[PDB]
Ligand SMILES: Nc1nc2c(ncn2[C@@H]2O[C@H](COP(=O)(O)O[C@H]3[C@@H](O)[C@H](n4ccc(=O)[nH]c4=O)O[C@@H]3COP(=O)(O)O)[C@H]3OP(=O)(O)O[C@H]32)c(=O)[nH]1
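Presented as structure tokens, the chain that follows is alone, the form solved without the named molecule.
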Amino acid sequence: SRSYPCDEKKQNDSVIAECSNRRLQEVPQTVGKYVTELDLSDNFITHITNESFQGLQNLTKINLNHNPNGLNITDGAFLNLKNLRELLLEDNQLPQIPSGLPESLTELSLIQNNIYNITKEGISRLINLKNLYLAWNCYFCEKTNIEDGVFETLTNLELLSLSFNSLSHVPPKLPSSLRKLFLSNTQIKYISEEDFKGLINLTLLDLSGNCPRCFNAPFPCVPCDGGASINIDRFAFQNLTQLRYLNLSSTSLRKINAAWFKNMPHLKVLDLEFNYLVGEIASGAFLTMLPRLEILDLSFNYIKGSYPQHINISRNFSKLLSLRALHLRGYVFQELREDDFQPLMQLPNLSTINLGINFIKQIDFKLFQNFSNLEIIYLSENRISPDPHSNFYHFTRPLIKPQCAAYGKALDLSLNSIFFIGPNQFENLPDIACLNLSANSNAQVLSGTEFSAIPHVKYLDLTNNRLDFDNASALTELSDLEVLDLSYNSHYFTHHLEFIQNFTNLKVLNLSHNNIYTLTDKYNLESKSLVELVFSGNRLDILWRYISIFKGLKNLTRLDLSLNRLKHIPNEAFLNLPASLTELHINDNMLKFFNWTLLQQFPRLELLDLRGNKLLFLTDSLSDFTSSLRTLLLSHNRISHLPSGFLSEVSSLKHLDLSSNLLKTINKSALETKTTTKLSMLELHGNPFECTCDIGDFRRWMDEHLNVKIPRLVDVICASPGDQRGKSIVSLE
């Protein structure tokens, strides 16, 4: 009863079948007729007929995206599916909308296809449609033919996306039930009062990319004739009273009509990035019309050739009473004065100030104290001295890593020009708990006084610098430091690390890619609180005086020793690792042998990662050395034989990864498990399986042990003989 070729999984009392990226030539008839959702994306399927989904009558969702990785769909192929609600047909080279789609459809996605006609024959009959995605069809094409009144009969439509299509005009006769209307990059130069007149339930309106300002967009940018902007009529948004989201990014706007927001009291998110609104930021009457706006983005609105000394912020910015986040990237200015941000200092909700990519030379950091409730001060990329389903115009990822921001106030001074930490670097700064000084080419010799103005930093990111930590007092002024990131500080590597033992609350230390090959005077690393140490990209092969380099880390539960060019680990060096370790990574090394007997001195070890090595042999009695190892990763190794009693005896082993190895077969004695095992997963893909009659004993064990899940069955391929080469080991006599 092992499912092939899909991975069946009961999700929330509904069996779903994952069948993506499996090189399938056609829709398989070996899919369980009890499944509700089927995902056949990224396959080589070229034909869909009325007999493709026969028997699967309980199918509510079908995914056929990127097939073949054109797709020939016959009329009424999906018509037999009465319970079909969601159908995804993205990137299939469809020349027209499939005729004869089931009436039950509520979600239809026909993104990035060759559909140039939106006709009533394939749309008007689908009255249940709530979400219709028709983006990237007639994109760079000679205009999309939208039949007059094609959307009018779809009285249940809540979302209509026609972005990245040559439209020229807003389609007439749109259903009043619309809540989200996406018309980005649709070549719509004019918006009239009649275009969005009957849409009172509209919460989102996307008019971005129409008359665009070109700025490294991953799609063609062709600006309007003579630097013209989008022409929105004064009363074009007088009926959209429920509008919460308005996207006018890249519309070459120079003037903003305040009358657009008179009958828009609920506007929550406004995107005006990639425009020419420097003058509107300085005076703007529209700022007094947004009392409930929480996110305002005015990024990349700079005037070419203009590098002003200060940013001109209108006094009307004090009227944005609900403002939580202000994005002012790419304004391009030289100095941030205390009186420049006066209109923002009394806003109670303002927690995020985004000033990234502004080429600011000086900032009066005392102004940040005068703010009501700032939590994120993003100043990355400044000159301070000592996918069709994504948002294309606005940064969606967090400005600061959530693990850093959770500690408290965050300041991001990364990619700046702080080549050394001056004595006044952090004077007059609020109580900063998260600090990012990444990629500053900082070559500071740390002495223990550089962070005295902000001593409550709990998360310090110093990655991509050339810092000096020879002094045992380095960073010790930060007595509450819990996370220290010193990745990519390989320039410095006397060579000391004695500062680490002074911290009373240091939990995570990352010393990755520091190329540490030598340690002067003190050769050991000590700490009573350190829980995780990342030592990847270093030279442990040269180090192995360093026999007990990590023994001092008594509280250590996680250790990463990957990418250290380790050919062999001395037996004494392995025994000197912290006994408290619960997770050890020694992946991507050159280990020829591994002494499994030494695992007896690690009673809490739950994860042993030995991937990307050159291991050959395995121990006969692993149960005698481990009684806690729950996960063993051994992928990309040279193991050619599984020993007798390896799968058995180790009761704690729940996940064994033997993929990408040299296993030709698994004999009867190797899998003759005398005792019961809670092994819930076994990865075996990428092995050169000799598919002769010898593999039959392993195949029998797969049927007798259905609890042991073997993922990627299509990738567990036979190497020999010629008649079975390429085929899965589960599909044999």
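Only residues modelled in both forms are compared. Residue numbers run from 1 along the displayed sequence. Think of the rigid core as the biggest set of C-alphas that the two forms share within 1.5 Å after superposition.
What comes next is about the form deposited with the named molecule bound, which does not appear here.
- Classification of the binding site as blocked follows from the superposed pose of the named molecule in the entry with it bound: three or more of its atoms fall inside 2.4 Å of backbone or C-beta atoms here.
- Comment: 268 to 276 is the region of 632 to 640, 608 to 616, 268 to 276, 657 to 665 lying near the named molecule in the entry with it bound, near meaning a non-hydrogen atom within 4.5 Å.
- The contact residue chosen from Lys130, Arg324, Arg85, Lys189 relative to the named molecule in the entry with it bound is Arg324, the criterion being a non-hydrogen atom within 4.5 angstroms.
- With a 4.5 Å cutoff on heavy atoms, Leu399 counts as touching the named molecule in the entry with it bound.
- Mapping the unseen interface onto this chain, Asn210 falls outside it, with no heavy atom inside 4.5 Å of the named molecule in the entry with it bound.
- When the named molecule is considered in the entry with it bound, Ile295 lines it closely, a heavy atom lying within 4.5 Å.
- In the entry with it bound, the named molecule lies within 4.5 Å of some heavy atom of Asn354.
- The comparison between this form and the one not shown, aligned on the rigid core, picks out a single residue among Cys214, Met590, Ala228, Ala282 whose CA moves by 2 Å or more, and that residue is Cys214.
- When the two forms are fitted on their rigid core, the residues between this form and the one not shown that move as runs of three or more, each C-alpha shifted by 2 Å or more, fall in 138 to 140, 214 to 220.
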